[PDB]
Structure formats: C-alpha cells, structure tokens
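A.B. asks: let me see the structure of the following:
(chains A and B)
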Amino acid sequence: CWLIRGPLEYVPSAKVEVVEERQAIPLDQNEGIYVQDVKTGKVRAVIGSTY
Amino acid sequence: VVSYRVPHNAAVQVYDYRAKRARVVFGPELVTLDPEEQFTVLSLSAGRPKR
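C.D. replies: Numbers count the residues shown, from 1 in each chain, chains lettered A, B, ... in the order given. Structure as follows:
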C-alpha cells in the first residue's frame, strides 16, 4: 500500500487498485491527529502543520 | 471574529494558545481574539450582602 498525493492526475493501471480516498485533515499548531503508523505501530501524535 | 469591547477602567486578560504567548490589555481597548485566543472569564461576588 502506497499513497500517491499532490498536484497530479492518476490513471490506475491494470496492476494497481484504488483502496480509499484519504482526504487530508487540517491541523494548526497546538492541534493534531493521533496517528498510529500501523506499519510500525508507533503512535506519533503529529501536530503543527496540517497532516 | 469574537471581539470584546473593554470598559475604560477595566482589564481583560487573554492568551494565544496557538502562539504560546500571554498578554493582558487594560483600559478601553477592543480585543481581537486569535483563533486560539481565549478570555479570562471572572466569577465575581455580587448580591445584596454578598454571594
């Protein structure tokens, strides 16, 4: 699973398959989202800029 | 915007939680709260004898 993000256009090739939309979350300083990196488990609680 | 019109011989104390800074303005100023600025709500004694 890999996330393609940014100002681009995508056409899903026969090999790849779309899973979910992954809308961004707006966060300012002293606010964040409790993010659990399920590949490594570590919950980071990323705050500051949007994540 | 949330803006409080402070009386002349009065003081209102606020903190920008987004910016990690403290400021209190006395006198008759018009405070302008930043998106994470909050007021110093003061519960004060009143009533005929006291409360």
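A.B. asks: and the residue nearest in space to the middle of chain B, how close does it get to chain A?
C.D. replies: When Cα atoms, centre = their mean is applied to chain B, the residue found nearest the centroid is residue B:12 (3.0 Å). As for residue B:12, its distance to chain A is 21 Å (criterion: Cβ to the nearest Cβ, to the nearest Å). Placement of C-beta: from N, CA and C, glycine included.
A.B. asks: is it true that that residue touches residue B:23?
C.D. replies: No: taking Cβ atoms under 8 Å as the definition, residue B:12 is not a contact partner of residue B:23, at 9.9 Å.
A.B. asks: give me the element the residue of chain A most remote from its centre is part of.
C.D. replies: Within chain A, residue A:14 marks the point farthest from the mean C-alpha position, 23.2 Å out by Cα atoms, centre = their mean. Under the criterion of DSSP states H and E, residue A:14 resides outside all helices and strands.
A.B. asks: give me every residue that touches residue A:30.
C.D. replies: Contacts for residue A:30 (Cβ atoms under 8 Å, 6 or more residues apart in numbering or on different chains) come out as A:47, B:17, B:18, B:20, B:36.
A.B. asks: and the residue nearest to the third one when sequence neighbours are not counted, how many neighbours?
C.D. replies: Counting by Cβ to Cβ, 6 or more residues apart in numbering or on different chains, residue B:18 lies nearest to residue B:36, which is 3.6 Å off, once chain neighbours are set aside. One way to gauge burial is a neighbour count; for residue B:36, by other Cβ atoms under 10 Å in any protein chain shown, it gives 15.
A.B. asks: give the contact list for residue B:36.
C.D. replies: With contact set as Cβ under 8 Å, 6+ apart, residue B:36 has these partners: A:28, A:30, B:16, B:17, B:18, B:19.
A.B. asks: could you pull up phi and psi at the third one?
C.D. replies: So the one you mean is residue B:16. phi -90, psi 100 (degrees, to the nearest 10).
A.B. asks: and it, what does it touch?
C.D. replies: Residue B:16 neighbours (Cβ under 8 Å, 6+ apart): B:23, B:34, B:36, B:37.
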